[PDB]
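Have a look at my_file.cif below; it lists mmCIF, C-alpha atoms.
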data_run
loop_
_atom_site.group_PDB
_atom_site.id
_atom_site.type_symbol
_atom_site.label_atom_id
_atom_site.label_comp_id
_atom_site.auth_asym_id
_atom_site.auth_seq_id
_atom_site.Cartn_x
_atom_site.Cartn_y
_atom_site.Cartn_z
ATOM 1 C CA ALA A 2 0.000 0.000 0.000
ATOM 2 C CA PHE A 3 2.874 2.346 -0.838
ATOM 3 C CA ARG A 4 0.864 4.249 -3.451
ATOM 4 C CA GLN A 5 -2.282 4.100 -1.314
ATOM 5 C CA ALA A 6 -0.444 5.657 1.633
ATOM 6 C CA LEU A 7 1.238 8.559 -0.167
ATOM 7 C CA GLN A 8 -1.990 9.393 -2.003
ATOM 8 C CA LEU A 9 -3.761 9.467 1.361
ATOM 9 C CA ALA A 10 -1.174 11.647 3.105
ATOM 10 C CA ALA A 11 -1.384 14.278 0.366
ATOM 11 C CA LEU A 12 -5.176 13.998 0.468
ATOM 12 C CA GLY A 13 -5.669 15.282 4.001
ATOM 13 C CA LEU A 14 -2.945 17.793 3.211
ATOM 14 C CA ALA A 15 -4.660 18.989 0.035
ATOM 15 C CA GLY A 16 -8.393 18.335 0.239
ATOM 16 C CA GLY A 17 -10.164 20.554 2.741
ATOM 17 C CA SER A 18 -10.737 24.142 1.629
ATOM 18 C CA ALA A 19 -10.337 23.303 -2.060
ATOM 19 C CA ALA A 20 -12.675 20.318 -1.777
ATOM 20 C CA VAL A 21 -15.707 22.320 -0.654
ATOM 21 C CA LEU A 22 -15.131 24.632 -3.621
ATOM 22 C CA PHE A 23 -14.764 21.797 -6.129
ATOM 23 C CA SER A 24 -18.207 20.502 -5.161
ATOM 24 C CA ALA A 25 -19.734 23.986 -5.105
ATOM 25 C CA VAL A 26 -18.600 24.562 -8.688
ATOM 26 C CA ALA A 27 -19.272 21.032 -9.935
ATOM 27 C CA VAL A 28 -22.948 21.982 -9.666
ATOM 28 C CA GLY A 29 -22.740 22.988 -13.316
ATOM 29 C CA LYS A 30 -19.071 22.546 -14.192
ATOM 30 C CA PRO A 31 -18.805 20.090 -17.155
ATOM 31 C CA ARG A 32 -16.684 16.952 -16.798
ATOM 32 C CA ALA A 33 -13.724 17.362 -19.151
ATOM 33 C CA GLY A 34 -11.916 14.100 -18.460
ATOM 34 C CA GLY A 35 -10.717 15.017 -14.991
ATOM 35 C CA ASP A 36 -7.107 14.355 -14.026
#
How would this structure read if it were set down as structure tokens?
Amino acid sequence: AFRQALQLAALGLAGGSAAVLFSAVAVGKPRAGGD
């Protein structure tokens, strides 16, 4: 779980204030592939 751990550490370190905004905009924001 080396990739599952690093991806999780950066998640809680980069998914709090920007997450609430991503969902607030996704209300109408089209899905252009993603990542």
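The space separating CA of residue 25 (chain A) from CA of residue 7 (chain A) comes to 26.5 Å.
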One-decimal distance in Å that lies between CA of residue 36 (chain A) and CA of residue 2 (chain A): 21.3 Å
Straight-line distance linking CA of residue 35 (chain A) with CA of residue 20 (chain A), stated in Å to one decimal: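 Between CA of residue 35 (chain A) and CA of residue 20 (chain A) the gap is 14.4 Å.
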